[PDB]
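Participant: Mind having a look at this structure? Questions to follow.
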Protein chains: 2
Amino acid sequence: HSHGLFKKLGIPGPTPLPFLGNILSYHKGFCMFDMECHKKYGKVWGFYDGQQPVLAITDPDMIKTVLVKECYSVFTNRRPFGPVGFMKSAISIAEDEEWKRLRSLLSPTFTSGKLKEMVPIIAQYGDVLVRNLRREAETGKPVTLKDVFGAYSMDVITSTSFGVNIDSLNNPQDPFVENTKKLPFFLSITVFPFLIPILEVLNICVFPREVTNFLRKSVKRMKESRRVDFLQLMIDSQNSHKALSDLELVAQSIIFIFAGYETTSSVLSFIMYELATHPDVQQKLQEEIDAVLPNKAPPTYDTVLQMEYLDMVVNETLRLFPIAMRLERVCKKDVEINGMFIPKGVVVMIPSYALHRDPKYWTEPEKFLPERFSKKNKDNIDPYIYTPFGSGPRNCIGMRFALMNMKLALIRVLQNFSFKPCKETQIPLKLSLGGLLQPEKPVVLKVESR
Amino acid sequence: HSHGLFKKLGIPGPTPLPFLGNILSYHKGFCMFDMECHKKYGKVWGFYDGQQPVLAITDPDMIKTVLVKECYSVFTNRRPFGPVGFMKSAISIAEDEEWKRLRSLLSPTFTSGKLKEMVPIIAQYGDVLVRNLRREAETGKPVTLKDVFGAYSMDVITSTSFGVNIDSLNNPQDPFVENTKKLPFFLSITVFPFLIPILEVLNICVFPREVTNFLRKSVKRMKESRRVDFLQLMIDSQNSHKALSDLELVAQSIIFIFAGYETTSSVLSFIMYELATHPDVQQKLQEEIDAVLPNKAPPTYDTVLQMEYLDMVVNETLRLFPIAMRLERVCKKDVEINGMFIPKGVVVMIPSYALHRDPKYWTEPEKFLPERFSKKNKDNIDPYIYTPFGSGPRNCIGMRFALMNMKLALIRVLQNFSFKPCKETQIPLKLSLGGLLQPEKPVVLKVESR
Ligand code: HEM
Ligand code: HEM
Ligand SMILES: CC(C)(C)OC(=O)N[C@@H](CS[C@@H](Cc1ccccc1)C(=O)NCCCc1cccnc1)Cc1ccccc1
Ligand SMILES: CC(C)(C)OC(=O)N[C@@H](CS[C@@H](Cc1ccccc1)C(=O)NCCCc1cccnc1)Cc1ccccc1
């Protein structure tokens with residue numbers, strides 16, 4: 001019963017168990033599962049998330065066909081998941097013409113011109129991050145990066161998307177911060193996908209109605225009271241053609257809070273762990289920042305893009321830690337791409353974590369070597385093997401904003417502080433075996449003032 | 001032979017002559033021909049440009065279906081014309097997926113953010129226009145508007161699209177101005193459409209190879225030597241997906257020189273004729289400009305959009321003089337829209353001039369009444385009866401730039417000069433019976449200094 005698909009197609013893979021499929025192999029998580037399957041089976045393999053067949057591909061030509069060439073026609077939507085409730089209008093969750101409509105209505109929001117207008121706002125809380133770090137640096141005590149970076153990442157969101165100016169580390173009782181931090185169920189949905197329609201008619205949603213109703217009623221207070229923020233850029237858009245609905249506008253805001261707060265703060269903790277365990281990379285980066293920005297000059301939009309070694313450090317960290325881990329597209333038609341037939345309903349998956357650490361494409365893939373992305377070596381990197389933001393029409397729409405936000409934080413922090421490991425700094429860093437790419441133990445480092 | 005199409009469909013219209021069709025009725029031009037056909041036949045009618053059937057529509061619901069609803073699927077391209085040569089890659093001439101590709105690659109070029117960056121450049125030559133007008137104002141002599149406005153409109157193009165700073169009125173020998181002013185055949189093509197492929201294989205083009213080869217070799221001098229100009233915004237775009245080709249990039253530049261130089265200068269001459277023949281409209285506009293910009297303050301992007309009466313004067317002039325005169329779409333499939341069958345190959349036409357002067361939609365349509373577009377009355381205007389920039393996915397892509405350019409010129413001119421008619425001022429203004437909406441005799445007015 002649906003477990004003989006890859007058997008008939010002649011595709012290798014682990015033998016699935018009834019009902020469960022291959023989900024028991026997730027005990028070490030999927031990044032360790034994708035690496036093992038990439039070795040035992042080769043270029044392609046197939047497993048089952050319960051009854052859902054998943055076809056993994058690693059050929060760069062075939063990846064380009066799925067992500068770019070046959071996107072609008074075949075591989076348009078991602079794996080369906082629920083219950084979402086009213087959040088079906090989210091751009092990352094929307095499907096077919098509904099997504100292509102929202103992707104068009106939100107594309108001008110992420111241009112370089114709008115991002116350059118957001119830099120003064122993002123740089124404002126970079127100084128707040130330094131002041132909070134200095135209070136932890138002048139008092140000798142190891143700092144938890146996920147708490148000090150999460151406070152910064154939240155500060156950027158509340159202003160760049162709603163204009164609410166809060167010091168999350170010093171103002172927790174503000175209704176916005178208290179609700180945006182709210183903010184076993186999912187492995188059950190993986191094995192019980194026939195219970196998603198039950199939770200939808202029961203009005204259960206993966207987001208608590210506490211936060212959504214607050215954000216829905218907080219946005220209408222901001223909309224009816226009213227710039228440079230994502231909210232105003234979406235209000236001006238509603239003034240495919242059919243304009244952004246009121247409910248759709250709030251659904252996109254919540255998606256921007258999830259990614260911006262948790263991706264930006266988690267990658268910064270990964271970067272600072274690599275910079276602390278490699279003092280040579282941190283010193284060379286601090287020398288480039290001081291050369292471009294002397295006398296601790298404030299970073300601007302142009303000065304950030306001028307730093308090449310900073311971009312090399314960010315790109316190398318995203319290679320070791322691609323937080324998305326996997327890229328997925330649902331096959332909607334019986335299509336044959338690159339001489340391989342893919343039936344309808346099969347979930348095509350790209351193991352980004354496994355491809356980023358593949359020794360056949362990277363020399364010493366486990367080492368932190370920023371020289372891979374130097375201007376002399378960046379050309380020999382396949383853009384479909386290294387996909388930290390995906391690829392194609394449905395790649396990360398906030399790639400430029402996320403890169404600009406993290407670099408503005410790293411510049412202002414490395415201008416004032418040098419980071420060194422502690423005795424309790426878990427070296428080497430072990431990744432969590434859950435559903436999010438995060439360190440097992442939180443990263444703790446010693447912050448010293450320059 | 002192809003002259004019995006509207007006869008079979010039951011569509012009224014003038015009886016066509018063999019070979020010629022109804023082109024002999026163009027002796028008074030098409031705007032007088034569209035008005036007469038709108039009266040004798042009613043809401044729809046059909047005539048023949050030689051052997052080419054042309055179906056005219058005036059119903060606002062059916063116009064929306066052609067221009068917006070059934071654009072990408074049916075009414076996508078305009079009437080084919082030649083010989084164009086390498087200019088087939090022009091966005092206004094491109095067809096089907098080629099146009100939709102160029103429309104996407106050039107859409108971010110015309111955003112409000114890029115236009116706001118062009119205002120300091122456009123406002124620079126507004127002062128040049130005042131200095132040249134003052135030299136003609138201090139010496140009492142009637143000024144020809146088409147020569148003083150054409151000098152300004154050319155000055156805006158050479159800078160906003162290539163960065164070349166020239167005073168066209170004072171520097172005619174510059175290779176750019178001398179070539180951009182270079183810059184019976186077409187009625188023959190209308191009756192002889194089977195000679196277009198002959199001129200294409202003979203390498204004859206509607207543009208002289210003198211200018212095109214110069215512009216093609218002048219752009220490559222500018223490209224290989226290198227901001228804020230249309231050229232750089234297109235160079236950054238090439239750095240549908242498949243990037244702007246080198247030849248395609250030059251073809252779009254020539255199209256921008258045609259529209260920007262000749263539309264902007266011709267509408268300004270129409271506006272100043274209406275302001276001179278209506279001193280009350282000119283005084284009220286000069287009072288609004290002085291109220292927003294006291295002490296002859298320079299106009300900015302925000303201060304231009306703040307002037308409502310200035311927008312009312314511009315919109316009313318474009319009603320009396322829609323320079324495009326007609327909107328045309330080629331019917332590519334046998335489609336039935338709004339209960340009317342339209343065969344394949346028929347040219348659907350929207351008589352913008354006739355609709356703008358239709359007494360059934362406008363009270364006293366021949367009078368210059370800017371109060372029609374007031375904020376209290378602008379709501380009762382159908383956006384598919386008043387189409388000075390077209391409508392739908394293939395409307396005027398430079399609408400915002402053209403409106404901002406003309407208003408910046410009117411503000412800086414009306415800040416320093418008051419315009420009064422002369423004895424040789426042809427009142428009332430008679431339109432030319434040619435192919436371009438221009439006054440028969442050039443508009444001459446008296447310029448006095450404030
Ligand atoms: C280090 C930071 C980030 C990384 C590495 C990252 C990575 C990714 C990846 C891999 C995808 C899927 C691409 C694909 O399926 O081909 C994605 C999608 C997306 N990302 Fe990000 N992201 C980051 C931060 C952000 C931020 C700050 C935003 C702010 C709005 C954002 C908004 C989105 C959206 C809306 C989508 C879905 C787009 C669509 O489905 O059309 N991401 N991101
Ligand atoms: C008073 C000034 C102008 C007026 C009234 C005007 C009007 C129009 C109209 C009526 C159309 C056809 C719309 C349709 O077929 O539905 C058009 C097309 C177009 N206009 Fe303008 N125009 C003006 C100036 C400009 C300027 C300054 C540019 C600068 C680039 C420009 C670029 C274009 C282009 C590229 C197209 C064709 C777009 C396409 O085919 O996709 N126009 N214009
Ligand atoms: C672990 C498990 C697979 C059981 O579960 C999920 O991880 N489930 C997701 C569902 S679909 C998601 C789209 C998306 C998927 C994968 C990677 C990026 C994006 C979505 O809709 N938004 C995500 C927010 C935007 C973002 C995040 C990270 C990087 N770039 C952008 C995740 C999800 C769903 C709903 C709300 C938040 C997160
Ligand atoms: C009088 C007659 C019909 C025999 O002839 C033409 O009038 N022929 C045109 C051909 S198609 C044109 C697209 C277009 C058509 C009509 C109105 C606007 C645009 C084109 O391609 N570009 C035009 C330049 C952009 C522009 C102009 C005016 C207003 N807004 C934008 C005109 C033409 C062709 C080639 C080069 C220049 C002009």
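So you can find residues: chains in the structure tokens are A, B, ... in the order shown, residues in each start at 1, and ligands are numbered from 1 in order.
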List the neighbours of region 330-340 of chain B out to 8 Å using only C-alpha atoms; skip same-chain residues closer than 3 positions along the sequence, and give me the result as a PDB file with N, CA and C atoms, in the first residue's frame.
Facilitator:
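Saved result, around31.pdb, follows:
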```pdb
ATOM      1  N   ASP B  61     -17.114  48.102 -19.821  1.00  0.00           N
ATOM      2  CA  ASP B  61     -16.921  46.726 -19.375  1.00  0.00           C
ATOM      3  C   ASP B  61     -16.139  45.921 -20.404  1.00  0.00           C
ATOM      4  N   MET B  62     -16.433  46.124 -21.689  1.00  0.00           N
ATOM      5  CA  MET B  62     -15.719  45.405 -22.737  1.00  0.00           C
ATOM      6  C   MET B  62     -14.293  45.919 -22.899  1.00  0.00           C
ATOM      7  N   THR B  65     -12.219  44.188 -20.343  1.00  0.00           N
ATOM      8  CA  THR B  65     -11.937  42.807 -20.717  1.00  0.00           C
ATOM      9  C   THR B  65     -10.765  42.725 -21.688  1.00  0.00           C
ATOM     10  N   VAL B  74      -5.465  36.758 -24.709  1.00  0.00           N
ATOM     11  CA  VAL B  74      -6.041  37.102 -26.005  1.00  0.00           C
ATOM     12  C   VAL B  74      -5.430  38.393 -26.532  1.00  0.00           C
ATOM     13  N   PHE B  75      -5.757  39.514 -25.890  1.00  0.00           N
ATOM     14  CA  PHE B  75      -5.365  40.833 -26.386  1.00  0.00           C
ATOM     15  C   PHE B  75      -4.044  41.228 -25.734  1.00  0.00           C
ATOM     16  N   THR B  76      -2.967  40.625 -26.235  1.00  0.00           N
ATOM     17  CA  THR B  76      -1.632  40.792 -25.673  1.00  0.00           C
ATOM     18  C   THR B  76      -0.783  41.784 -26.457  1.00  0.00           C
ATOM     19  N   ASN B  77      -0.767  41.669 -27.781  1.00  0.00           N
ATOM     20  CA  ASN B  77       0.101  42.467 -28.628  1.00  0.00           C
ATOM     21  C   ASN B  77      -0.688  43.565 -29.332  1.00  0.00           C
ATOM     22  N   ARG B  78       0.049  44.544 -29.848  1.00  0.00           N
ATOM     23  CA  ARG B  78      -0.526  45.635 -30.614  1.00  0.00           C
ATOM     24  C   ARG B  78      -0.463  45.318 -32.106  1.00  0.00           C
ATOM     25  N   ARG B  79      -0.981  46.238 -32.913  1.00  0.00           N
ATOM     26  CA  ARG B  79      -0.987  46.053 -34.356  1.00  0.00           C
ATOM     27  C   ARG B  79       0.445  45.960 -34.877  1.00  0.00           C
ATOM     28  N   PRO B 343     -13.362  37.545 -34.160  1.00  0.00           N
ATOM     29  CA  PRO B 343     -12.542  36.533 -34.838  1.00  0.00           C
ATOM     30  C   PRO B 343     -11.055  36.788 -34.638  1.00  0.00           C
ATOM     31  N   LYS B 344     -10.268  35.764 -34.960  1.00  0.00           N
ATOM     32  CA  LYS B 344      -8.820  35.863 -34.849  1.00  0.00           C
ATOM     33  C   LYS B 344      -8.265  36.799 -35.916  1.00  0.00           C
ATOM     34  N   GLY B 345      -7.270  37.599 -35.531  1.00  0.00           N
ATOM     35  CA  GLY B 345      -6.641  38.535 -36.435  1.00  0.00           C
ATOM     36  C   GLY B 345      -7.252  39.920 -36.455  1.00  0.00           C
ATOM     37  N   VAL B 346      -8.430  40.101 -35.857  1.00  0.00           N
ATOM     38  CA  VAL B 346      -9.076  41.407 -35.850  1.00  0.00           C
ATOM     39  C   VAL B 346      -8.359  42.330 -34.876  1.00  0.00           C
ATOM     40  N   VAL B 347      -8.145  43.573 -35.293  1.00  0.00           N
ATOM     41  CA  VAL B 347      -7.513  44.581 -34.451  1.00  0.00           C
ATOM     42  C   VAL B 347      -8.607  45.269 -33.642  1.00  0.00           C
ATOM     43  N   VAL B 348      -8.598  45.053 -32.331  1.00  0.00           N
ATOM     44  CA  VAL B 348      -9.531  45.732 -31.438  1.00  0.00           C
ATOM     45  C   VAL B 348      -8.965  47.104 -31.103  1.00  0.00           C
TER      46      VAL B 348
END
```
Participant: As a quick test: using only C-alpha atoms and all ligand atoms, which residues lie no more than 7 Å away from ligand 4? Give them as a PyMOL selection string.
Facilitator: chain B and resi 81+90+92-93+186-187+255-256+258-259+263+323-324+326-327+396+435-436
Participant: Using only C-alpha atoms and all ligand atoms, which protein or nucleic acid residues are at most 7 Å from ligand 2, as a ChimeraX atom specification?
Facilitator: /B:67,91-93,99,103,255-256,259-260,263-264,267,318,322-324,327-328,387-392,394-399,401-403
Participant: Can you tell me how far CA of residue 115 (chain A) sits from CA of residue 238 (chain A), in Å to one decimal?
Facilitator: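 Spanning CA of residue 115 (chain A) to CA of residue 238 (chain A) is a straight-line distance of 19.8 Å.
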Participant: Which parts of region 65-161 of chain B does DSSP call helix (DSSP H, G or I) when run on the backbone here, written out as a VMD selection string?
Facilitator: chain B and resid 65 to 69 85 to 89 96 to 106 108 to 110 112 to 137 145 to 160
Participant: Write out as a PyMOL selection string each polymer residue whose atoms come within 8 Å of region 118-131 of chain B, counting only C-alpha atoms; drop sequence neighbours fewer than 6 positions from it.
Facilitator: chain B and resi 148-149+151-152+155-156+159-160+167+228-229+298-301+405+408-409+412-413+416
